[PDB]
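Enquirer: here are the coordinates; sequence isn't available:
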């Protein structure tokens, strides 16, 4: 029972001890030499090192508070429940007859004294000298602490000491409310405040924080059930929150003194953001263990939200703000060392401008997470709350100019001149990078991120495994999101590339399921390919300047993998549209003025991309094989159909067979496939078919073909020389080549 | 005739040549390689290289303008003079010539799309210009600022192309004359909105690429090529080659409309060239220089043709703003001065060029215009001295600008800071702050106010203002200022430096010039009238009290300034001025601790705080003089006042010294070298010119000092002769004199005093001459010495030769090193020595003659009533010393009845009329005592005068009888009957 109570009380008391210890270190960093304050802090520390924390306190007002909380009194708790230039000339020397008034100051009540401060603060309020008003707020408070430790308080009878102190504490409350409001809402509060005025100031506030910590002992002992807990609706329970809302104000007021205290000391605090954050992490730990952060309209919680967004290079600010956003709006990031602790705060609804401040830090955390993990995490659920709160941006006329240039470029015919300009990166769109606060999502690429999430929804739901369509609306959501991101950003070649990716998946959905669209709606399929190809051009053009930019290759190394995939997906698109059922169908100029590409020049273009995709992805066995397909189709092209320049640049039998030996060399460089995985016979099968056609054409002798045909790893009589002199003996060995390949074709799918 | 016309044309043609040359070079440097534009500019060069500029032009539009202006037609000018009325979007107008959806149709135009292009090659020019107006309207309707601006640029290139177009070249000229002005009305209205968007929103230069810039800005130069001949046409009437158009004519209104069009289009050229120079800084390494030279070429051409104020001064309101942002040009001040002369008349008188008239009237400069004019003037103000400020026209511009700015309104910080200056000024003097001032550790409670109204004071604008006002106060010397009344600039500068110090308390220089204003205010009260020293002592203490507080805060903020090297070079005269602060702190401190002031600002009689000693303040001042001596190595006064400091410290006796400063007492030798240190610097001075008195002020001072301490016993008289012969004014210099007695020390010092009086040819060194009397006759000697009457006579022979007249008038003239209020005191210090001098000599005759001079010069004597006590009582002694008057201790008139006393008192008066009573000493001493009561006029108590009268009357009564108010009354009638017989005897002798 008692050991269980000590086990429950121990980590929160450890948090309090570390909070007061780091507070003490922050005091001693600034030359605060008030040993009374240090002794009060050490009294708090040894009290929190004890089970009976209230016994070790020896300040008289704190044990008066202990008697007030122990012996509840209804009315005592209900107590807590014209030229200004002339006046400031009167009171400022006060705060020969001046020495008599100073003697009159010592003979007077403290309640009379604060009215002199309040009249002085009114005169500063009349001339709007808020800094002097903030100063005399602080000068008023430290007098009430001195008489709290005064011997007149010690000589007071305890029946008088109940009500007289209770008036002073209630008067202490409303000064803090005004001063914190002057601290939070006005930056000029700390101009005339010197160090020793400040060193007198927060030491009183820390003592007040020490004083309120004595009141904090009753609640947590009342939380467990050793103490009688007040009923709901009782004025005692209402009195506790009336105390605790000041404590929320107190440390935040202490934080404003700490923030000025952290500043002006660069030799003392080389990491000034973190030490400010360390206090704020500790206090919200202290309040959040005690369920105290939600009170007083979350003014501390709203304050800490602003400060974390200012700080950038903190280690684990995301741990701190994640606890805040779980408290404020229930935005579970799911990252960081500490899980989000239950603080009993309702999730307040996410306002749009409130969501838009968080974009610059959300996208930083989301950029390091894998897309598959981004499907599983709660990080996307924050984005779902954010984007619904943010919504669609306003219709800018500058965006509408950039929008309408996209529609005519996407319906533009395929210019062969611009293909060579894509090699130079000279293809530019009629667009301008606009400068608006609505583009600050696009300046961080937030609309790019929305496209990647919905694409991974499309990529995650496997189309081969799709027995039910209709979940392609997210692709249309992403395509609108990609069009939104591309309007602000011309240079985002990846946004062009994902746009180029999305057009094929719409085309794949049309042609895989129904063959009727190949007979009735060919024009929109022509439109989709031409939409894809022109998307790839700027995805080639803007990536070429990106590849020419060396610092752009440094960040996000997977985009270089996306760069080489774009090189693969370029020539994949070129070879696909040049054959059936299309056969250069987007390349027509029936409604078009300009030249068209030939199929030969398309196949001349695509292999060099596959040559470039071979360099970046050497384990990609397709890229040498796709090189070998196009050059053989270039070898399929007759010389008379070629012009004079391209007749010299037609591939030779030496260079065609160079790539045919190259692709199976790369296939042999791969490790062997596992059980249940047959190796790809298509590099092995297609090299035989061209050689058989080369013998059928007669450019390749069957004797010299069989030298090539027995270097294959799946050759009949491999490693043993077989000489061939007749075509029928060649056709017999070709039959032996096919049937031995049919031995490797176990599933009968070649 | 023609040679004269070419001579007048030659600066105009040179300016046009340099303008088009710079335009050609900058167009070439932007890559505009169109040969036709270069050929047009070269044709303008051919025009400007010859007298017949008009014949060399061969472009059809230029010669069409030339033909239009050679024979002017009113109906030709009617469409340009009247405003443009736009035909609407009508099918009938389309037949005659033949917002987003409007953008989506028309911007494709700018096979059915190709059908429009063939038609637009054959349609009207303005029909295309209608669409460019319509597209800019749609761009205006969507409020695209850059796209609406871009349509304006393309529309310019249309109508320039038609002037090279063959449709206009093949038009019949009667139709073309309407067509030339009709396009020109369409031309000029486009430049109205083109300039307006180019000087309001800078977003209009967004979508312009390189070639768009190279297309648009080249056509503007063609307009600048074409419009040049119109100003050339006006120049023919300017020299009288052609007749001028009459005022109020259509010819006059046609011409100035072309003037306000030509300047307006030229301002558009500056906007494209500014954006075009940027983005290519390799081509333009100094973009401030080329933009200034481009504006210099434009404004000089328009200025000679008086086009600056044209088109509502829109070029001038652009040029001044862009010159303000640039700071590191050389001779921008040349470019600034002519521009502000064209707008306000603020002639600066600096740079290479003086102002030349551009035919423009000034406008009164407003407050916000002056705030932009703060910074460039303030740098230009610091280049000149205050004397050069007092001769420049820049001073006249500043007084307008302060009239333009006005007095600033007080902030709550300003009410806080200026009050704390007064409370510090009302504070008593503490030695802690002066010890802190040597550390520089004194600060004031005054926050640095951060407002744009302090950006004047951040340049020291208010600091400049008092420096002008103090220069005018210092411009007339106060020796030559015989007319007080030109003294309000002292109070004007006194108001100004507080306003500087409110925003900038840390400026040590603003505290220092504030102190001299309080210092000079102390002079003018006491220089003419000693009555303020007589009656108004409560205010004269306050001036030096507030001076000393201001002198502290000058020193404290100087300590950071004098010890850091960064301020040690900036405005090197202020480094020289910092050593002048040390010299006038010590001359202020040493002044207020002696007569007439006598330590008055030091006390705390209103209050708590310890007051300083004079020994504490003499050592404090001597700290300043040596610190003055390093930065003033040739200034002899800084060793001179440090020599006077230790002598006051040495003459201060050791008993009243504190035991800390008892160890800090300098030796007898420690003042001898410092006097010789001054006489070293005086010997190190350059030799004085003819008519200049040499500085023997060290020389008799060390003579007087060595006279004292030898007679005080600090040195033997033999050892003094070596120290005396080191000095440059030693008589028989280099010849050794051995002195064994004090009388031998008396004679040689008298020979030194005679030698210095040989150098007193102007007869001014009365301190030497009163010490020549002092060495001859010491005050503290025994009165019964037999030579003391003789030594006072030889002392009087020195004084009456030099300063004292035969009617006993001394001439205490104010020395240049003498302090204000000191010579009033120094006169009566010479009086009390002279009164005791004539006491030993028993000179009763010259005392009464001197007494009339004291009575006449009563207002000139400090503490004159107290001086009249000592002089009368010594003369009462001198009346008793000369005449041996017994003191009537016993009243002999008690035996007389008042009836019998009237009998004897009339018998005494009848005895006094006898000539035997003239030899009576008691009657004669009563006669001067009667005149002494008349000369008193109850300035003192008259009862002491009546004591000498009644004792003289009783001594008379002790003589006539063998032969209190009634006693004096019968004594009054005794002198009255005596003087009646004296006038009766003198009257009968003359008859």
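Expert: Received the coordinates, thanks. Numbering: from 1, shown residues only, chains lettered A, B, ... in the order given.

Enquirer: what secondary structure does the residue of the stretch 651-750 of chain A found nearest chain B sit in?
Expert: Of all residues in the stretch 651-750 of chain A, residue A:651 sits closest to chain B, at 40.6 Å by C-beta to the nearest C-beta. Where you see a C-beta, it was placed from the backbone N, CA and C, and this is true even at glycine. Counting by DSSP: H, G, I helix; E, B strand; the rest coil, the backbone at residue A:651 sits in coil.

Enquirer: and the residue lying closest to it once chain neighbours are set aside, what helix or strand is that in?
Expert: Beyond its immediate neighbours in the sequence, the residue positioned closest to residue A:651 (C-beta to C-beta, 6 or more residues apart in numbering or on different chains) is residue A:631, lying 4.4 Å away. Using DSSP states H and E, residue A:631 maps to helix A:622-636.

Enquirer: other SSEs contacting that helix?
Expert: If you count contacts as 3 or more C-beta pairs under 8 Å, 6 or more residues apart in numbering or on different chains; DSSP states H and E, helix A:622-636 packs onto helix A:558-577, helix A:599-616, helix A:653-669, helix A:682-697.

Enquirer: how many neighbours does the residue of the stretch 651-750 of chain A closest to chain B have?
Expert: If you count neighbours by other C-beta atoms under 10 Å in any protein chain shown, residue A:651 ends up with 21.

Enquirer: would you check that it makes contact with residue A:633?
Expert: No. In this structure, residue A:651 is not within contact of residue A:633 by C-beta atoms under 8 Å, at 9.6 Å.

Enquirer: contacting residues for the residue of the stretch 351-500 of chain A found nearest chain B?
Expert: Relative to chain B, the nearest point of the stretch 351-500 of chain A is residue A:397 (4.7 Å; C-beta to the nearest C-beta). By C-beta atoms under 8 Å, 6 or more residues apart in numbering or on different chains, the contact list for residue A:397 reads B:142, B:143, B:144.

Enquirer: buried set for the host helix or strand of residue A:45?
Expert: Using DSSP H and E, residue A:45 sits within helix A:35-48. Across helix A:35-48, burial judged by 16 or more other C-beta atoms under 10 Å in any protein chain shown covers A:37, A:38, A:40, A:41, A:43, A:44, A:45, A:47, A:48.

Enquirer: quick check: nearest residue in space to residue A:283, chain neighbours excluded?
Expert: Nearest residue to residue A:283 in three dimensions, chain neighbours excluded: residue A:251, at 5.1 Å (C-beta to C-beta, 6+ apart).

Enquirer: hmm, back to that, how about the helices and strands packed on helix A:622-636 in TSV, adding distance to chain B?
Expert: As requested, the helices and strands packed on helix A:622-636 are arranged in TSV below (distance: least, C-beta to the nearest C-beta, whole Å):
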stretch	distance to chain B
helix A:558-577	27
helix A:599-616	27
helix A:653-669	43
helix A:682-697	46
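
Enquirer: now those as a markdown table including mean neighbour count?
Expert: Shown next, in a markdown table, are these (neighbours: other C-beta atoms under 10 Å in any protein chain shown):
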| stretch | mean neighbour count |
| --- | --- |
| helix A:558-577 | 20 |
| helix A:599-616 | 20 |
| helix A:653-669 | 16 |
| helix A:682-697 | 18 |
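
Enquirer: tell me the buried residues in the longest helix anywhere in chain A?
Expert: Secondary structure of chain A read by DSSP state H shows that its longest helix is helix A:195-224. Under the neighbour-count criterion of 16+ other C-beta under 10 Å, helix A:195-224 has A:198-223 buried.

Enquirer: count the neighbours of the residue nearest to residue A:261 when sequence neighbours are not counted for me.
Expert: Among residues not flanking residue A:261 along the chain, residue A:30 sits closest, at 5.3 Å (C-beta to C-beta, 6+ apart). Neighbourhood size, residue A:30 [other C-beta under 10 Å]: 20.

Enquirer: got it, and residue A:483?
Expert: 17.

Enquirer: how about the secondary structure of it?
Expert: helix.

Enquirer: which stretch of helix or strand covers the closest residue to it other than its chain neighbours?
Expert: Using C-beta to C-beta, 6+ apart and skipping residues adjacent in sequence, the residue nearest residue A:483 is residue A:406, 7.0 Å away. Using DSSP H and E, residue A:406 sits in helix A:397-410.

Enquirer: so which elements touch the next helix or strand after that helix?
Expert: Of the helices and strands lying after helix A:397-410 in sequence (DSSP H and E), the nearest is helix A:416-424. If contacts are counted by 3+ C-beta pairs under 8 Å, 6+ apart, helix A:416-424 sits against helix A:522-548.

Enquirer: how close does residue A:626 get to chain B?
Expert: Taking C-beta to the nearest C-beta, to the nearest Å as the measure, residue A:626 falls 39 Å from chain B.

Enquirer: run a quick check on that residue versus residue A:608, I expect a contact.
Expert: No. With contacts counted by C-beta under 8 Å, residue A:626 stays clear of residue A:608, the gap being 11.1 Å.

Enquirer: list residues touching both of these two?
Expert: By C-beta under 8 Å, 6+ apart, residue A:626 and residue A:608 have these common neighbours: residue A:571.

Enquirer: hang on, the earlier thing: pull out the buried residues from the helix holding residue A:631.
Expert: Buried residues in helix A:622-636, defined by neighbour count with 16+ other C-beta under 10 Å: A:622-635.

Enquirer: and for stretch A:178-188?
Expert: Buried residues in stretch A:178-188 (16+ other C-beta under 10 Å): A:179, A:180, A:182, A:183, A:184.

Enquirer: identify the farthest-apart pair in those.
Expert: Within those, A:179 and A:184 form the most distant pair, 9.7 Å apart (C-beta to C-beta).

Enquirer: mind checking which helix or strand the residue nearest to residue A:200 when sequence neighbours are not counted is in?
Expert: Nearest in space to residue A:200, with sequence neighbours left out and distances taken as C-beta to C-beta, 6+ apart, is residue A:142 at 5.4 Å. Using DSSP H and E, the element containing residue A:142 is helix A:130-148.

Enquirer: what about that helix, distance to the chain center?
Expert: Centroid displacement of helix A:130-148 relative to its chain, using C-alpha atoms, centre = their mean, to the nearest Å, is 43 Å.

Enquirer: flag every buried residue along it.
Expert: A:130-145, A:147-148.

Enquirer: and for stretch A:264-275?
Expert: By 16+ other C-beta under 10 Å, the buried positions in stretch A:264-275 come out as A:269, A:273, A:274, A:275.
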